[PDB]
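Student: sequence and experimental coordinates follow.
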Amino acid sequence: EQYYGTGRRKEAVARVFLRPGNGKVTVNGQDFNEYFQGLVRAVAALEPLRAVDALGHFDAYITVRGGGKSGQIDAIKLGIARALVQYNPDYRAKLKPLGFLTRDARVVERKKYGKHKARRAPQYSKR
Amino acid sequence: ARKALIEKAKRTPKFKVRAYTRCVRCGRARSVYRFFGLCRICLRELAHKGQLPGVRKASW
Amino acid sequence: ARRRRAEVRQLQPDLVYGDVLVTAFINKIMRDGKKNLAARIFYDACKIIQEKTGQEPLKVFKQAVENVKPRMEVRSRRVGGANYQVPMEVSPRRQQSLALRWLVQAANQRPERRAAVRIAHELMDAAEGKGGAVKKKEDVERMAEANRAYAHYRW
Amino acid sequence: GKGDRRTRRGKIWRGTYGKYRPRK
Amino acid sequence: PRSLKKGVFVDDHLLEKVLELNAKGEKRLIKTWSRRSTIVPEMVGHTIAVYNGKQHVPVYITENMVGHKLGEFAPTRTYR
Amino acid sequence: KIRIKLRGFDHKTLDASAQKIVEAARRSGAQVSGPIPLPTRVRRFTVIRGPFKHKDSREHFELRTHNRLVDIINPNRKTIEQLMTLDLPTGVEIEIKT
Amino acid sequence: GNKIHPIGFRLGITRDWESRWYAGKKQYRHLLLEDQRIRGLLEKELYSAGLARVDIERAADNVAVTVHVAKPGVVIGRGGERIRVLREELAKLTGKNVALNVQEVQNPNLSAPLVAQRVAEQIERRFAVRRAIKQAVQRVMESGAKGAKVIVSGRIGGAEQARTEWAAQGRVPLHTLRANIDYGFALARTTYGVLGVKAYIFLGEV
Amino acid sequence: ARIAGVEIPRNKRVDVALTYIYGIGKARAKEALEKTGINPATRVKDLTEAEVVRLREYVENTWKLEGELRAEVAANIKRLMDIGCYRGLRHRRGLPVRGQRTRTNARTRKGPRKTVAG
RNA sequence: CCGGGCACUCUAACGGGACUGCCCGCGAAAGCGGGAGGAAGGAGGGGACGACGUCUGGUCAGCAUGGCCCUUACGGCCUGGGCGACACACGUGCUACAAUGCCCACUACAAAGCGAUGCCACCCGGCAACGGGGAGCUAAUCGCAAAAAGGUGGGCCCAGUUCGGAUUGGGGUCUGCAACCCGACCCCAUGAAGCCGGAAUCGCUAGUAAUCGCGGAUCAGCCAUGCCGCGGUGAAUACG
Ligand SMILES: [Mg+2]
Ligand SMILES: [Mg+2]
Ligand SMILES: [Mg+2]
Ligand SMILES: [Mg+2]
Ligand SMILES: [Mg+2]
Ligand SMILES: [Mg+2]
Ligand SMILES: [Mg+2]
Ligand SMILES: [Mg+2]
Ligand SMILES: [Mg+2]
Ligand SMILES: [Mg+2]
Ligand SMILES: [Mg+2]
Ligand SMILES: [Mg+2]
Ligand SMILES: [Mg+2]
Ligand SMILES: [Mg+2]
Ligand SMILES: [Mg+2]
Ligand SMILES: [Mg+2]
Ligand SMILES: [Mg+2]
Ligand SMILES: [Mg+2]
Ligand SMILES: [Mg+2]
Ligand SMILES: [Mg+2]
Ligand SMILES: [Mg+2]
Ligand SMILES: [Mg+2]
Ligand SMILES: [Mg+2]
Ligand SMILES: [Mg+2]
Ligand SMILES: [Mg+2]
Ligand SMILES: [Mg+2]
Ligand SMILES: [Mg+2]
Ligand SMILES: [Mg+2]
Ligand SMILES: [Mg+2]
Ligand SMILES: [Mg+2]
Ligand SMILES: [Mg+2]
Ligand SMILES: [Mg+2]
Ligand SMILES: [Mg+2]
Ligand SMILES: [Mg+2]
Ligand SMILES: [Mg+2]
Ligand SMILES: [Mg+2]
Ligand SMILES: [Mg+2]
Ligand SMILES: [Zn+2]
């Protein structure tokens, strides 16, 4: 029928729905290659399905929002991972050794006073 | 600061531009927060006392 | 690194080749945090280097980076007055880092107008055994075999 | 770049509007 | 690049004084503590003493200097 | 449409007053949508610690105005029988717009 | 140069505001001014009556001024007389039609501002400050109060050079905010100078 | 390609090559290319004698230009200089006019640095 | 958008969750190395918090205050002027010297805040600053609003230039009683130095540096390139 994976990366949310089909993935009313046109890391979004031999066995519809498009791509990756796990749990044996089920918790660090941007200290000259 | 220099309180400044904040408690000459009507030193001490509701220790 | 060993960062693999050295080189090309523009530079250079010479850019890249890696260098050691240049070997990790840095710096010191063209021709020359990066490498190696009289100061 | 006030980037850096950066 | 954009502002102080001075013939030195006001055409011919903040300096007003202000000719600064 | 805008400087006070209102209205009325939370207005104030510099010492405080919504559906009498004036909380603030 | 105000630290957890109401952009300023006027008046008159805390609450033009006293007999007065004058003088400044409320505080030696006032009083009449200090810490320690601490400011006993006084007991951990640490400050104005009196009192755990 | 009082740009885009005229920047170049009905992206060499003559018609007499403009600006300086204006004094002493600070970084108007002792 | 629904993202209140608990190893112990499970581990990341005291550190020019001097006067009002001065010298920064770049159209993705005459959608006029009209939002519903780098398309062609915007001439808007001293902004024109910087010296060990924009407090206006926050992309390296 259909299986769901959410995923999250750097202030981005990518709801991923997976079904059987030919391998056509659409995003927010655009094909996957028109919305991420000319981005060299876009192929990493459909990377989690290369340990399961999808893209000809599967089909997807994704709705993504928030942050920048790179976080969107990686949240798509994670959401595809969880949808794939809920489809077939045995896929975990080929997923976590690849590392596609781990939530990347690297967040931008808040800015601190006395600094320029949160670590950079202002330059002194003749101490 | 100086008593007479709180003449802004009777405003009648002869011109609408001459209105400045003049923190109520300390009579601050330079740096006054308009929302509290206080200055950074008076705001600091009053928020330390606990007389400004809702004011907590910011941390994140 | 006073306390710990400063564990090496494990870079992400590459989306085109699946190789980590490609991602490291793309990072070395990146400036101001633009990995997208740097990747486009490297891959347009890949197309150019695969067309202007009918070889695979994979093994040419690998052979060039292998040709630029030096085997000895010099470090300054304070002994009996002013310090001296003491030769020694190189770590494999440091060989990798120095090779990629010399690659990028010799590529951008080239006359070619576009960045990708500079990258491609630099990789070609380095894969053939010539070029600017290999010249800097062989100067580093010429520092060795020259002040080798200090071979008893290895430390 | 950002200091050229009759270009678009100099307009967005100063935040103003004009002939070289119309509002909409 | 100087702008007043409508109803070019001239203070009442010297305005009424000079428009009543013109009616009886040209007058000699005048007193001016208001350099905020603009010069108007009918001021030409008089001798206006303006305030430096310390001193009273006389200025000969002519046709050429109509568009400018009183105080362009009274230098506040003193150097060399 | 009976909108009840709840606002305060204290979150537990808002929860107390809102839950009391909803518990009062639940014995008379409908499937009431109940206590929806709204985003909080955060006012930050950075103050240089010491008078007469040491510029780079400043600390900041934050006030936060919390907001809640009730949206009772089809109340007639018994809801407002337990509504007129029965509440304890003081720091809470209630508005009613229709 | 360290050790920020403890009650300002404590305001969030295990401590409450001296004024708890709500306002907006157009109201907060002069309402806070009115609170300051109330506390000013009550510090003018009620200093010698043994008052510790003034808690002011507002729902909607309703004022609930709450005075915590160590001796309610001076606040109420004989036949209630004194709860008439300054309760009317309170409304002769603010036209909000405000009423007054009194409350009892047990063990005046257990409230840190009251202990500060006490030590400052004994300092103004020029007692040996260290005896007042240790005696106050004992008054605190003789009834619960798992910690007590007293600090006095410079020019002690009238000395020309400024100094710093001491003699806490028990355990007074100002660093950790867990266990309801109370604090009070007093000002002793004397001929030689001004003496600050800081009274820290630690009681309870959670 | 002679257009105004002596002015010969060459081998570039026309709108760009018009900036080389004194009283013409990018705005007036775009306006000339607009109202003269000429392709801006054309090279200077490919300009028709009729296109060049129409550009001359417009640019030559619509705005004051090189010699007249230089003399007009310099005579404006002399005009506010001969009057006792403060702005004229700032032009006399060779100091900035727009109301900047002269304690530091008055280099453009005051010339190269002449370092006295201290 | 509607009917409608809470499952989802979300908003915000309470909780669960990590404890070297499991296993191998080493060890007398704490603990250390490795592994699985887990969103996450050996302090998961960031704050708030700064001991007895030190330097007679800093300000009575915030406040409060102990003493010594002032009283037609240091007090006090107002106008003008000043704190903006320049033959120089440093500190902190901003913008740059370009092709991984500039400009031009076209288009997509943030978080945190602010707004009752205050923010100002929208129509008109004006090249524009801005003006006139005027809707809505007591603001998860309205508005500031467009994010910018990025994407595709185009022009530029290694040149003091379609780099760089200082300086200066003119025209004009706006706040304001009033912009000479001494404001910001718009338009035309002028288009300077500068082609990676001597000795020396500074910041940063992970979303960090670097770069990109956004907001805020103070404020009629603003010389803010400052300061305090926000997110976008995202390194290099640590033998010792
Ligand atoms: Mg963050
Ligand atoms: Mg950042
Ligand atoms: Mg410093
Ligand atoms: Mg005083
Ligand atoms: Mg003002
Ligand atoms: Mg002010
Ligand atoms: Mg330009
Ligand atoms: Mg500062
Ligand atoms: Mg007290
Ligand atoms: Mg004593
Ligand atoms: Mg505590
Ligand atoms: Mg509906
Ligand atoms: Mg449910
Ligand atoms: Mg382990
Ligand atoms: Mg492990
Ligand atoms: Mg593990
Ligand atoms: Mg931690
Ligand atoms: Mg921690
Ligand atoms: Mg932590
Ligand atoms: Mg601690
Ligand atoms: Mg000291
Ligand atoms: Mg000193
Ligand atoms: Mg005094
Ligand atoms: Mg100054
Ligand atoms: Mg001199
Ligand atoms: Mg809109
Ligand atoms: Mg709502
Ligand atoms: Mg909505
Ligand atoms: Mg609402
Ligand atoms: Mg192009
Ligand atoms: Mg030159
Ligand atoms: Mg140029
Ligand atoms: Mg060049
Ligand atoms: Mg560190
Ligand atoms: Mg502002
Ligand atoms: Mg200026
Ligand atoms: Mg800014
Ligand atoms: Zn104050």
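Tutor: Looks like it came in fine. Numbering: from 1, shown residues only, chains lettered A, B, ... in the order given. Ligands and ions are numbered 1, 2, ... in the order given.
Student: okay, and the spatially most central residue of chain C sits in which element?
Tutor: By Cα atoms, centre = their mean, chain C has its centre lying nearest to residue C:99, at 1.6 Å. Taking DSSP states H and E as the criterion, residue C:99 maps to helix C:92-108.
Student: check contacts around residue E:9.
Tutor: Applying Cβ atoms under 8 Å, 6 or more residues apart in numbering or on different chains to residue E:9 gives the contacts E:36, E:37, E:38. All C-beta atoms are positioned from the backbone trio N, CA, C, and that covers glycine.
Student: try residue A:55
Tutor: A:23, A:46, A:49.
Student: out of those, who's the most crowded?
Tutor: Tallying neighbours with other Cβ atoms under 10 Å in any protein chain shown puts residue A:49 at the head of these, with 24 neighbours.
Student: which residues touch that one?
Tutor: Applying Cβ under 8 Å, 6+ apart, we find residue A:49 in contact with A:55, A:58, A:80, A:84.
Student: how far away is it from residue A:74?
Tutor: Distance, residue A:49 to residue A:74, by Cβ to Cβ, to the nearest Å: 15 Å.
Student: before we move on, what about residue B:23?
Tutor: From residue B:23 across to residue A:74, the span is 50 Å (Cβ to Cβ).
Student: and the residue of chain H closest to ligand 38?
Tutor: Closest contact between chain H and ligand 38, by Cβ to the ion, is at residue H:101 (31.5 Å).
Student: ramachandran coordinates for that residue?
Tutor: Torsion angles at residue H:101 (phi, psi; degrees, to the nearest 10) stand at phi -80, psi 140.
Student: any idea how far it lies from residue F:77?
Tutor: With Cβ to Cβ as the criterion, residue H:101 and residue F:77 are 75 Å apart.
Student: what does residue B:22 give?
Tutor: Distance from residue B:22 to residue F:77, by Cβ to Cβ: 54 Å.
Student: which one of these two has more residues nearby?
Tutor: residue B:22 (18 against 7).
Student: pretty sure that one contacts residue B:32?
Tutor: Yes - the criterion here is Cβ atoms under 8 Å, and residue B:22 meets it with residue B:32 at 6.5 Å.
Student: surely residue F:58 meets residue F:46?
Tutor: Yes - between residue F:58 and residue F:46 there is a contact under Cβ under 8 Å: 5.3 Å.
Student: which neighbours do the two have in common?
Tutor: Between them, residue F:58 and residue F:46 share these contacting residues under Cβ under 8 Å, 6+ apart: residue A:113.
Student: spatially nearest residue to residue 23 (excluding sequence neighbours)?
Tutor: No chain in the question, so chain A it is. residue A:55 (4.2 Å; Cβ to Cβ, 6 or more residues apart in numbering or on different chains).
Student: hm, I was asking about chain D
Tutor: Closest to residue D:23 by Cβ to Cβ, 6+ apart is residue D:17, at 5.2 Å.
Student: what about the one you found, neighbour count?
Tutor: The number of residues near residue D:17, taken as other Cβ under 10 Å, comes to 12.
Student: nearest to ligand 11, of the contacts of residue A:49?
Tutor: residue A:80 (49.2 Å).
Student: what's the helix or strand for residue 53?
Tutor: Going with chain A. Per DSSP H and E, there is no helix or strand for residue A:53.
Student: ah, I was thinking of chain H
Tutor: Using DSSP H and E, the element containing residue H:53 is helix H:49-60.
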